[PDB]
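Quick heads-up: it's one chain on its own, the form deposited in one PDB entry, in structure tokens.
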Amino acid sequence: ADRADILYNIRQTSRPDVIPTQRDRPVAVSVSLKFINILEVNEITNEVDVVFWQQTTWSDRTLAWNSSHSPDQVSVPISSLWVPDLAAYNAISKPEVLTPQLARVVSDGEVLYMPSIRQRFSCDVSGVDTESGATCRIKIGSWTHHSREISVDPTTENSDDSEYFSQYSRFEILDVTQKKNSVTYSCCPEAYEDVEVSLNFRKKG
């Protein structure tokens, strides 16, 4: 009936180390990077320092409860949940998580986990100080799950790419495009999926 019951009941069924595959179908994870800031850019070392929302949604039907005469959503610590093992492939620093580590769980089992992350990347910084700008490509996918266990797809909101971008950054955003790739590597027989986020940005003035 209350939010304590809902949580207790999540923990009875929720297995944080068990991927919540429905039948033998992958977990469909939505990924959308929302850039908040570009703090440090190095044209010689080809490194950028960015703040972004790593917006991550998926379904876990074992979390699902009856929202009749109950709250329809709750905030849940991510240690009580299974969370995709997403890694930015071209990161050169540990993710610095700036926000409380809470997921929004809906009563149909939908999970919204939207951390704000500060992280350093190896990417093409050339042309940052030009009209056309530089294009930094950030690849995010699962570390240990191939395409039959986790699929990753870009979702976008219709709103402008820089509606949440700091006006006090030295840089401005020209365009953010998100591409899905499905690649088979030399380690493993199954294909791994990633979202490739192309940040087209340049200095102001």
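If you superpose the two forms and keep the largest set of C-alpha atoms that fall within 1.5 Å, you have the rigid core. In this text, residue numbers run from 1 along the sequence as written.
One more form of this protein should be noted, the form deposited in another entry, which is absent from this view; the next part is about it.
Core-based superposition between the shown form and the other one shows that, of 157, 172, 49, 175, only 157 has its Cα displaced by 2 Å or more. Comparing the forms between the shown form and the other one, the C-alpha position of residue 191 differs by 2 angstroms or more, with the core used for superposition. In that other deposited form, the CA atoms of residue 187 and residue 120 move apart by 3 angstroms or more relative to this form. Relative to this form, in that other deposited form the C-alpha atoms of residue 85 and residue 188 separate from one another by 3 angstroms or more.
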